[PDB]
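Input: a single structure, listed below in structure tokens.
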Amino acid sequence: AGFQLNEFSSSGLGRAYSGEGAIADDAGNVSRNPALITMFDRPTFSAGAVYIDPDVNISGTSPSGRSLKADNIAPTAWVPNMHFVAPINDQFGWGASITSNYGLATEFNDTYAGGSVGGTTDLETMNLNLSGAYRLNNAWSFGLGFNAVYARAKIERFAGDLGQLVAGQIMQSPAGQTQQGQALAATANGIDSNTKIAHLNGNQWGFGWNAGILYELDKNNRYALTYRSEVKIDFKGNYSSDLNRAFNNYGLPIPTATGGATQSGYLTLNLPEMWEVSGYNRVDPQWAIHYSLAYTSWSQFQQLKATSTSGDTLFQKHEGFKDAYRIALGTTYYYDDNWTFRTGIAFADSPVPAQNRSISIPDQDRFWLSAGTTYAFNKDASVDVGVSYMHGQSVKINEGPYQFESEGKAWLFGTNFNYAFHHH
Ligand SMILES: CCCCCCCCOCCOCCOCCOCCO
Ligand SMILES: CCCCCCCCOCCOCCOCCOCCO
């Protein structure tokens with residue numbers, strides 16, 4: 001699912017985030033649906049983190065003869081979460097949380113033959129949320145939330161074997177016999193595969209809002225609709241390329257060379273909005289069933305475009321994402337006053353059309369299998385441990401002169417501590 005994260009709590013991880021937004025056994029879920037606030041009787045707190053260990057691989061051969069093989073190109077990630085919820089009165093409450101809905105990390109050796117389209121790609125995101133909720137009656141609740149998103153990003157690309165390729169082209173050509181042609185071949189051969197062809201970095205705050213509706217049949221069965229708005233991050237940061245000025249203005253398909261000098265740069269990143277419907281059903285004093293369909297408007301993310309203080313394009317990449325859905329189903333076994341158990345599955349289709357796949361964000365349809373458990377120390381305190389495994393199909397990728405194959409899987413492990421305070 002592109003660069004979206006769902007890892008906002010360890011219990012959620014055990015459910016495979018199914019019907020999140022209709023469950024309120026810990027404070028974690030208010031981030032997902034502000035209306036769940038009305039479900040809380042006293043100040044409740046939750047803090048933990050999810051460890052994501054991807055194993056994503058690339059295979060292929062460049063036209064140069066060099067291998068396009070790259071193993072383990074998605075570094076492990078630690079995603080923290082922190083949550084708080086508290087009543088105001090019989091019909092009002094509020095919450096705050098620190099989560100992450102968007103994140104991405106890909107890394108190739110700066111010597112990689114295909115380095116002009118896989119160097120380093122890093123996006124980390126933090127969502128500061130502040131919600132309030134109104135209890136209309138025993139059935140209807142409403143939530144309204146505001147989000148301050150802090151985002152830190154970095155892009156780096158290298159000349160892989162392009163220097164070699166270009167030199168070959170010249171030398172095979174009639175210009176191979178010319179002084180002019182030879183000098184260019186020399187220059188091309190001279191571009192090391194670790195020559196930095198593009199650098200971007202910046203951090204910026206962005207802002208958005210979210211809303212949610214909660215409907216309860218009884219104390220054991222509810223349903224929810226939630227909306228999370230788009231958030232536009234307007235980066236202003238640094239752009240650089242180690243290539244000589246002399247490369248620019250011939251219309252070659254490359255980022256603007258700056259001879260290593262840094263230029264101020266502007267790029268707008270769109271974090272897509274998301275809708276979600278959720279259902280929770282406590283079938284039995286020990287058994288619950290939960291499920292959700294979520295819809296993310298990835299079409300809101302069309303490209304990476306970077307711009308000088310003069311309006312010139314310094315670096316551009318077409319993304320052309322399409323809207324995508326995530327669906328999930330899970331169960332919870334409330335064994336005894338101490339132990340709770342859970343498992344779930346989810347599926348998410350890639351928002352990246354095959355013809356726009358790229359190796360920096362090698363995405364495919366995914367499945368999650370998860371299981372988790374909660375131990376309750378004492379009605380006031382509990383720890384949540386969750387495990388999830390994700391599997392993705394292998395997919396074909398075409399960028400520039402290169403053809404790749406990609407496969408990805410991952411293990412997720414997470415722990416959360418929960419505390420509940422003195423009632424009213
Ligand atoms: C699939 C990637 C999504 C997230 C990418 C950025 C998220 C930040 O992860 C960085 C991973 O680095 C590990 C964190 O460092 C260890 C922190 O643990 C210290 C405990 O206090
Ligand atoms: C300069 C105008 C910007 C238009 C394109 C921006 C996006 C470019 O990214 C394409 C990535 O290709 C990088 C390859 O650069 C060439 C390195 O080797 C050239 C030496 O022969």
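Residue numbers (the deposited numbering): 1 to 424.
C-beta atoms are modelled at their ideal positions from N, C-alpha and C, and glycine is treated no differently.
Notebook entry, point to check: Under the rule that 16 or more other beta-carbon atoms within 10 Å means buried, what is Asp384, buried or exposed?
Noted result: buried
Check: Taking buried to mean at least 16 other C-beta atoms within 10 Å of its own C-beta, is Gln286 buried or exposed?
Finding: exposed
Check: Per DSSP, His199 is paired with what?
Finding: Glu156, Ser240
Next item on the list: Can you tell me the Cβ-Cβ gap for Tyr215 and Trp298, rounded? I've got them flagged as a contact below 8 Å.
Entry: The pair is not a contact, with the Cβ atoms about 28 Å apart (cut-off 8 Å).
Notebook entry, point to check: Taking the continuous alpha helix (DSSP H) assigned at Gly132, which residues delimit it?
Noted result: Bounds of any alpha helix (DSSP H) do not take in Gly132; it lies within the beta strand (DSSP E) bounded by 120-135.
Next item on the list: Could I get the ranges of all uninterrupted alpha helix (DSSP H) runs contained in the region 343-412, with 4 residues as the minimum, in chain order?
Entry: none
Item checked: Range of the contiguous beta strand (DSSP E) that encloses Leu293 -> 287-296
Next item on the list: Run the CB neighbour count on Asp284, radius 10 Å, all protein chains shown included, and call it buried at 16 or more, exposed below.
Entry: Exposed, by the Cβ-count rule.
Note to self: Cutting at 6 Å between CB atoms, please list the residues of its own chain near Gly21, excluding the five before and the five after it.
What the structure shows: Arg32, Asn33, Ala224, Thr226, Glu276, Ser278
Margin query: What does the Cβ neighbour count give for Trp205, buried or exposed, with the cut at 16 atoms within 10 Å?
Written below: exposed
Margin query: Under 8 Å, with one C-beta from each stretch per pair, do the region 54-67 and the region 393-408 reach the 3-pair mark?
Written below: yes
Notebook entry, point to check: Excluding five sequence neighbours on each side, which residues of the same chain lie with their C-beta closer than 7 Å to the C-beta of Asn338?
Noted result: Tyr375, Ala376
Check: Does the Cβ of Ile191 lie closer than 7 Å to at least one heavy atom of ligand 2?
Finding: yes
Checklist line | 6 Å CB neighbourhood of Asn194 in its chain, flanking five on each side removed | finding: Taken in chain order, the residues that qualify are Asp110, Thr111, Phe158.
Note to self: For the structure I just gave you, are there three or more beta carbon pairs, one from the region 160-175 and one from the region 125-145, closer than 8 Å?
What the structure shows: no
Next item on the list: With DSSP collapsed to three states, give me the class of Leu13.
Entry: helix
Margin query: Please determine whether the Cβ atom of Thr76 lies at a distance below 7 Å from any heavy atom of ligand 1.
Written below: yes
Check: Where does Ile327 sit, in a helix, a strand or coil, going by DSSP?
Finding: Assigned with DSSP and collapsed to three states, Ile327 falls in strand.
Item checked: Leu269 in three-state terms, based on DSSP -> strand
Margin query: Using the Cβ count rule (16 or more neighbours within 10 Å means buried), how would you classify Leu165?
Written below: buried
Check: Span of the beta strand (DSSP E) holding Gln303?
Finding: Residues 303-307.
Next item on the list: List the residues that DSSP assigns as beta-bridge partners of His423.
Entry: In DSSP, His423 forms no bridge with anything.
Item checked: Other residues of its chain near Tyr150: CB distance less than 6 Å, five sequence neighbours each side excluded -> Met126, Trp205
Next item on the list: Give the single residue among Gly414, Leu252, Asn238 whose Cα lies nearest to the Cα of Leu267.
Entry: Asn238
Item checked: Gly320 versus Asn356: straight-line alpha-carbon distance, rounded -> 7 Å
Item checked: Exposure label - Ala153; buried when at least 16 CB within 10 Å -> buried
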